[PDB]
Amino acid sequence: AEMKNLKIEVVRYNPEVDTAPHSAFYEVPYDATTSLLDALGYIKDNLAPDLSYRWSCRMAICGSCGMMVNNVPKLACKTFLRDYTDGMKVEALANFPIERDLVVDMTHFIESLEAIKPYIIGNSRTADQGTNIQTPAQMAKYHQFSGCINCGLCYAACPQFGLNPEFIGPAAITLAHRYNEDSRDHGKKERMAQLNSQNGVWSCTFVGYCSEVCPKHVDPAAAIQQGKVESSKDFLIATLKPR
Amino acid sequence: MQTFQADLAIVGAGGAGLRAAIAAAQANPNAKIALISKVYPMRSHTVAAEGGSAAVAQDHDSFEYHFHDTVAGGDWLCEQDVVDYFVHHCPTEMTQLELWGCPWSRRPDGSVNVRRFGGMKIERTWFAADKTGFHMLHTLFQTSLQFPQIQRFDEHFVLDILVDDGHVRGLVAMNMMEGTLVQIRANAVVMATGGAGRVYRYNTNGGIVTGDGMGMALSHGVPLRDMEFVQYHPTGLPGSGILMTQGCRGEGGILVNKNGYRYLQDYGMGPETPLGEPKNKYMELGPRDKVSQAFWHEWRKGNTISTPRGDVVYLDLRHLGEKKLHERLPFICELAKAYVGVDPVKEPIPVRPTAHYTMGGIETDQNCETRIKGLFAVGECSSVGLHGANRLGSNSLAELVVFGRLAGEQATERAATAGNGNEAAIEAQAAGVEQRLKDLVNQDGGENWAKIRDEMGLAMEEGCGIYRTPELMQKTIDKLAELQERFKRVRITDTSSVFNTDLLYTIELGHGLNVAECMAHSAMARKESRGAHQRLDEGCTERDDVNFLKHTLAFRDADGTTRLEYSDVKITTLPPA
Amino acid sequence: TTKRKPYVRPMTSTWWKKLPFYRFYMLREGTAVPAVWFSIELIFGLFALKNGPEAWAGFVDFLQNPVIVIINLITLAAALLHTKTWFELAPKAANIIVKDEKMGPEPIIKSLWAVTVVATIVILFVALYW
Amino acid sequence: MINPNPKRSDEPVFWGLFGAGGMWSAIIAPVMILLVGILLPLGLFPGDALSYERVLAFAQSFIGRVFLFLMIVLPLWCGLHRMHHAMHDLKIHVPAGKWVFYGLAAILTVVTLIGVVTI
Ligand SMILES: Cc1cc2nc3c(=O)[nH]c(=O)nc-3n(C[C@H](O)[C@H](O)[C@H](O)COP(=O)(O)OP(=O)(O)OC[C@H]3O[C@@H](n4cnc5c(N)ncnc54)[C@H](O)[C@@H]3O)c2cc1C
Ligand code: SF4
Ligand code: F3S
Ligand code: FES
């Protein structure tokens, strides 16, 4: 047959030539199954070989796909050209530094996630004793918050982070909460330090865009609110201790 | 070139590489472990799993049963002592993963639940949900953060390794963001680069599974064992090649051709089981190879549905009920609805077999050490002798943590007792990698690398499919040699230094061509039918233990030719019959 | 030296004017204006109330401006938006589990709106029937 | 790198007040605005329910005093908190913004307190 063609506008940037990013326009054939990741594959294969971008799993589970589609933070593998017949502009992921084309400096994300200490702390059980005993009830306290693929859409969604780059961010907070609410962990106090920071839970004003753009339905904002609760408990307890 | 000092360096942040970094850190708390990967560790292919990890747990189970299912599933091409170690170490590593915070699904009493995978009689596959490889990769990585011995080099493309006097001394990699080269010195290097399913046009693998570590191992004389056994998963979406988990059939789903006839009963998988109770070993829960091959036969009979994305069969799941379809399997329903525009509650899913797993890999002994002293290989990129001619479902994951731990501890040992080597020779090797890169960059000819990748995927899909014939296999061999001649005329038109994906993808294509030639030659020379390798010509449609009860070794010499040798298979307690 | 030149995009004071979701958020915070406005009015009528029926009658005449009736209507509008969004966002700070599942927010929302209607009714009843 | 030992914030205080205030104005404010901003200066009430004598009588009652203090002060802390953060959201730089907005809140809280002890 004959496939339709869509005009995609991509925000290119080469730090060795360009002073500031700029749009480029590419016609891409598509059908009811063509994703934006596929489209980028075609563009780099036949139209501009110097277009760089992050990607891997091709099925929205890894998390390197993050980019902007018409100022909406989306995964490029979960976005389909059939829904954009009236214009499509692809920018790099928002509120991050643009290193090249559609690749950004993910360093701060990594640093925050490491800073909230995302691992089991204070458990002395060893493998020769069997596994821990955890009910589906105990698991459901944190299960939803564990499906975070570290893709970073929420950081492009939160405006408080775009205003405050030192904000550790929704994903890091959500992971920390995931380990605090794990019945097998006894290291809450090790992460309360970063949580009570002004760069912690107290930089969210509850905009709620993060949970909306979340492609894995983690609902990080609710974790931020329960984290404000736990942080207030922590504040009062730290006040009732004198010295 | 800047240089870093490390006790051991791991190439690959996959489950094998992360578990190896953790075991090596816990073994030597004073070590400096250089963990390297071309993507952030949570972007490795292991995240993309929906099945589970095998580990003996139930009271009515035994290590003998797991051992037996593995050996038989591998068509007796498995090193049986290795299989014994594996089955005896699975529960310790799955339990250890539970201790590290992995959210295994639970029985209502608190213990970890198991389900049936790979056709095993006794269910022993631990699982998180349809998100098992995700939770295991993220658990291993987030646990890896707590070990300061692990200096990570995220987004670093390992170019080559440094070998002198039969011992490894480090590797040369590229800082991807910076476009500058870096030497890493280490008396032990572990390869965990994952398989090479991306050489096929249609595969379930991520873009980074280009098997770079295998090709690097070829460049230094190490052989690739049993490369002919490419495992096709059946039910996969057309065009994309995206996995439909076997749980779909495990709940009651059926496979039908263009006539609505559950064709599987015509290929030794009968009689037909009712829509109510699914029975393991029968109908849509039968052997994997027989279901894929059954698709091939239904394609020969013209019973397949023609579709622009390719010919397909139908996975009908309507007979499960709204609540069981939409609510019980969320990720699979979202997947189907998204990528083939089909509601599994309202319509049937179009599926077809697809290239999945790489049974072959770098040749390793029982301690994951190759023919080069100090150089190790673990994971899908390796071949410890656990899978043979066909890997069992949910066994590769357990392999990642078991043999990852083993490879870590052993790599610490070998790095401890290495001694020193000739420095001028090693710096000469690093300068050699640098010059080779310069050569690839200045190379001109006007050939497009992408069309070479596409034609390679088509060649592999045609000649090395589910069923194979000598004419088409020789055709794929000659086509791969032609593409090898065309790779020397490729011109990398992107001369930038910040995240130059052009160059990197080109190098990945080179490794892919070498490995693919190893596959096609290993299959053309194996004149028998065993496991995933299935031929049609006279005298080869059956299993030959008299002449082919042996491992296919694939060498690539400096003259660009792929030679073959054969090694023997270690038997312990289960002789072939 | 590094050939990198990481480009940082600016974030203007008009970042919220772009996407409608942002606009909705800024409105939701903008409800703060008529609420504190209303508390100011409450102080007005308090001290006018204690300053005799003279000052009180002056205050009620102020309320009949009628542009003050316009502003108070807008105050009721914004306060209703505040009740809506508040009842929507409040249940997320609770992590309740009902039989192996994290519940909400529909039961909590229904409870809060029920309490609010009960309040409004009881208040108009005591305030007008007696 | 992120501060390994960051400063705990005093926000949990204002976020507390802003909470209880927002809840209060969520449940009670609409009917009050209907009563005072609409129903009263339009005579839409039966008899002398909203006349000076009955209003003053309710005010000088204890429960009237308390309900008045809450109805004035809680929405003040709430809305003023929201304004303090909205300043930041609009990139409008305000000197001593904390002291400004919360200071005004405590000012009008003392004022309301002097009003509910009757002038
Ligand atoms: C959909 C799906 C479901 C599966 N389900 C199961 C299951 O239930 N059970 C099971 O046992 N198996 C399963 N498998 C197979 C098995 O999980 C995979 O073989 C496994 O992911 C192998 O991972 P790995 O540890 O070898 O490394 P991979 O996950 O393959 O990752 C490769 C690593 O090497 C690095 N790397 C590669 N090349 C380079 C280079 N040039 N330089 C630097 N670093 C490099 C990458 O950065 C990465 O860290 C499944 C596979 C798929 C596709
Ligand atoms: S939660 Fe959704 S958005 Fe926040 S990180 Fe995990 S995936 Fe990216
Ligand atoms: S949108 Fe932003 S302000 Fe908090 S609730 Fe989500 S991170
Ligand atoms: S490509 Fe890996 S998540 Fe979209």
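Looking at the header, which is where the method is noted, we find X-ray crystallography, 4.2 Å.
The backbone N, Cα and C atoms fix where each Cβ goes, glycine too.
Per Swiss-Prot, the feature menaquinone binding site maps to D:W15; the stated evidence is a large-scale study or a structure entry. Non-local neighbourhood of D:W15 (menaquinone binding site): D:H81, each in the same chain, at least six residues away, with C-beta under 8 Å from its C-beta.
Long-range contacts of the topological domain 'Cytoplasmic' (D:1-8) within the same chain: none, as no residue at least 6 residues beyond the stretch ends has a Cβ under 8 Å from a Cβ of the stretch. The feature topological domain 'Cytoplasmic' is assigned by Swiss-Prot to D:1-8 (among others), with experimental evidence given as support.
Swiss-Prot lists D:36-60 (among others) with the feature topological domain 'Periplasmic'. Cβ atoms under 8 Å from those of the topological domain 'Periplasmic' (D:36-60) belong to residues 68, 118 of the same chain, restricted to positions at least 6 beyond its ends.
The topological domain 'Cytoplasmic' feature in Swiss-Prot is assigned to D:90-96 (among others); the stated evidence is experimental evidence. Residues of the same chain lying 6 or more positions beyond the ends of the topological domain 'Cytoplasmic' (D:90-96) include none with a Cβ under 8 Å from any Cβ of it.
For D:116-119 (among others), the entry in Swiss-Prot reads topological domain 'Periplasmic'.
As annotated by Swiss-Prot, transmembrane segment applies to D:9-35 (among others), with the evidence given as experimental evidence. Among residues of the same chain six or more beyond the transmembrane segment (D:9-35), those with a C-beta under 8 A of the stretch's C-beta atoms are 50, 70-71, 73-79, 81-82, 84, 102.
For D:61-89 (among others), the entry in Swiss-Prot reads transmembrane segment, with the evidence type experimental evidence.
Feature annotation from Swiss-Prot assigns transmembrane segment to D:97-115 (among others).
Same-chain neighbours of the topological domain 'Periplasmic' (D:116-119): 59-60, 65-66, 68-69, counting only residues six or more beyond its ends whose CB sits under 8 Å from a CB of the stretch. If one looks beyond the transmembrane segment (D:61-89) by at least 6 residues along the same chain, the residues whose Cβ comes under 8 Å of a Cβ in the stretch are 14-15, 17-18, 20-22, 24-25, 28-29, 32, 97-98, 100-102, 104-105, 108-109, 112-113, 115-118. Counting residue by residue with DSSP, the topological domain 'Periplasmic' (D:116-119) contains 1 helix, 0 strand, 3 coil.
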